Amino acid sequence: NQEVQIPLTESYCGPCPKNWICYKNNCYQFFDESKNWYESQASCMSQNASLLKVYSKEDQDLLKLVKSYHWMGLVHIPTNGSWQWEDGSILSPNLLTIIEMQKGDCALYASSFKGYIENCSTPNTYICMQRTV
């Protein structure tokens, strides 16, 4: 059963793109090629994926270990005066602490569960996420 780690309770993780991080039915990859938010999104979508979406501290607890600052899929709409993901879902409360660093309409992820408001035009490393089956 599920209170122990033995070869019998092991399973394959995926499906994910080749040589990606697979965790709790999610796929992730980190790109060290600095790009602005638009190019970062385009890169993720070119690989049938999107920028990091944060939806659960439990399911995505590995985000606590990430060094440095990376584009995630969070964008500001000035009309509603609120943050939301690429896929148009709302930022759930008590997930991210959002910190005004630069005046901008995009956010960089940093551990633990922070978003730093950054100029969309500024080159940064980025994280792609794909949800499995």
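The first residue of the sequence shown is number 1, and the count goes up from there.
Comparing the deposited coordinates for 44-52 and 71-79, the stretch with the larger average C-alpha B-factor is 71-79. A summary of the deposited B-factors shows that, of 26-34 and 86-94, the stretch with the larger mean C-alpha value is 86-94. In the deposited entry, the Cα temperature factor of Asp61 sits in the bottom third of values across the chain's modelled residues. Ranked by Cα temperature factor within the chain, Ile127 sits in the lowest third according to the deposited record. In the deposited entry, the Cα temperature factor of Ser112 sits in the bottom third of values across the chain's modelled residues.
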